[PDB]
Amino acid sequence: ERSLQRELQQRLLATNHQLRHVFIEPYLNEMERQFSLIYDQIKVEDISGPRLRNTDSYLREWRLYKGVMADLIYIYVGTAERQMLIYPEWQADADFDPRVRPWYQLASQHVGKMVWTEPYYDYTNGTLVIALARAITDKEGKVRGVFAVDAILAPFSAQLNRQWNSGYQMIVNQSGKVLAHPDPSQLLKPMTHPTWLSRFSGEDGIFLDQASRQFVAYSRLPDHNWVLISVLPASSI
């Protein structure tokens, strides 16, 4: 009868918790651990000076890291000396100032930790991206530079949604922008049902969107201000 929608919501919610707990959180945690391992290989002295030293070394490293972190688009460091080192090849103007860019700014105002930006447009070719960034420092809080990676979580998104026919799984940020989704063309754009943000009450839950006839389970991520959404259209086997 209608108890079908009972077991169905509790299952959709259980799958959302399990996916969050054993896939999403371990995936992000490793990516951020790998980020910190790359970051710790960076010596301030190589980048607090007018010219960059030992760059051939970091670009050799970064090419290798990108080769196994499939969500990454660029790995780079901008410096307070307006230097910019980047793999792969990226060109910018001479009016380009790294220090004014959102990854540089967010990282500077949270020294000692990494931080994820809102989606923003690449300075040169305009592409939507998201950055994870951390400030490089030297002494009494002198920010000599900022290390960051541009990412588009399409590989992550595909693995999240691999086993999911019928439903789909998405992740949204604090403002409803799509961090992960089965369709690459929706990434980093606003979510399709913005009213859902006001239904994400508490750390998790389930509800039914009578407007789009979709069951919606949601779980909040602990260390990031994001929400995992499991969606099951009332079109169901």
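When you see a residue number, it is the position in the sequence shown, counting from 1.
- Annotation for 63-71 versus 39-47: the higher mean temperature factor (C-alpha) is found in 39-47.
- Mean CA temperature factor is higher for 135-143 when stretches 135-143 and 82-90 are set side by side in the entry.
- For the set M191, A211, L179, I206, the maximum C-alpha B-factor listed in the entry falls on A211.
- When the C-alpha B factors of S201, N54, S175, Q186 are read from the deposited coordinates, the top value falls at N54.
- Among the modelled residues of the chain, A158 sits in the lowest third by CA temperature factor in this PDB entry.
- Residue-level temperature factors show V231 in the lowest third of its chain, judged at the C-alpha atom.
- Sort the modelled residues of the chain by CA B factor and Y168 lands in the middle third.
- In the deposited entry, the Cα temperature factor of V111 places it in the highest third of its chain's modelled residues.
- Sorting the modelled residues of the chain by their CA temperature factor places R20 in the lowest third.
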